[PDB]
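First, one chain by itself in structure tokens, the form deposited in one PDB entry.
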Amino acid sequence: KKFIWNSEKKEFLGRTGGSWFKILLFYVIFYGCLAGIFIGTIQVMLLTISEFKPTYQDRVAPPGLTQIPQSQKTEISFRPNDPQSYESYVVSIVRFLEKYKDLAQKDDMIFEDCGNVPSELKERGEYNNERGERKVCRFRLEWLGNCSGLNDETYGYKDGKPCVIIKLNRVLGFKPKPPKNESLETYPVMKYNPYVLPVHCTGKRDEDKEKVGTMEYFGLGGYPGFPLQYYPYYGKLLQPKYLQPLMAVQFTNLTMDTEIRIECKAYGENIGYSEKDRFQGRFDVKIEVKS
């Protein structure tokens, strides 16, 4: 209790009152100057980066192929007979697809109708504010054959035909280039369009490749991939409501109550892969329609 408090010199926990006030004031001015110096250096550093382009982009290269709905452990397992085992997947698909409905793409200044067939890339010029915002290549939900949220809201999950919409990583200033027909000898047989970055889903093992069933691809114009006319990306400051290209795959005639691991791989010149990062350029999904 002596160290706790002594009434002799008004010492609280070891130090007197005047000393407490003095250290409080000194520490306040010191910490204030320190935090202010930190903020000043923060602002001085910020005055070096641009508002429309990051000073370094080699960390995001090549872009990565992702799947919707976002699933824990990339596992999409549900019971078609159960009306709730696939509610999570359907809801997560709709949460992302709602941004592509005809209602959002109403304004003509923000949304522009781009080629209905795979065409050349829509380069807007330079990454500056001289032209303010830019138009957005509209993408109708109808380009997705049977999983569009327009006719079948279950997207096939109700009839045991799941539809995992594939998506390409949005990268500012990226110009996807599909592989030329000259070297088309390793990747599987797919429709070739020089204006579409291809994507092909296949099995993983000799058992997965057998139990997959029938792959059905839905994309702009029916090409299995992403149309080149939707790139490059100009960021959130130049294209706030930019809509990225999409593509869905329907897994029909798949063995019921069996875990099948499928891998959709995107091909192209600037499309690479990695052994440790299973999402750089391709992605693996484990699906099981346990009815």
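Heads up: residue numbers just count along the shown sequence, starting at 1. The term rigid core refers to the maximal set of C-alpha atoms that superpose within 1.5 Å between the two forms.
Remark: stretch with higher mean C-alpha B factor among 210-218 and 123-131 is 123-131. In this entry, 147-155 shows the higher mean Cα temperature factor of the pair 68-76 and 147-155. Looking only at 256, 264, 61, 35, the residue with the top Cα B factor in the deposited structure is 256. The top Cα temperature factor in the record, among 198, 118, 83, 203, falls on 83. Ranked by C-alpha B-factor against the other modelled residues of its chain, residue 169 falls in the lowest third. When the modelled residues of the chain are ordered by their C-alpha B factor, residue 96 lands in the middle third. Remark: residue 89 belongs to the middle third of its chain, ranked by C-alpha B-factor as recorded. In the PDB entry, residue 162 places in the middle third of its chain by CA B-factor. Among the modelled residues of its chain, residue 274 has a C-alpha B-factor that falls in the middle third according to the deposited record.
One more form of this protein should be noted, the form deposited in another entry, which is absent from this view; the next part is about it.
For the set 100, 218, 174, 157, a Cα shift of at least 2 angstroms between the shown form and the other one, after rigid core superposition, holds for 157 and for no other residue.
A movement of the C-alpha atom of residue 189 reaching 2 angstroms or beyond is seen between the shown form and the other one when the two forms are aligned on their rigid core. Here's the thing about residue 258 and residue 156: their CA atoms end up at least 3 Å farther apart in the other form than they are in this form. Legend note: Cα of residue 98 to Cα of residue 154 is at least 3 Å closer in the other form than in the depicted form.
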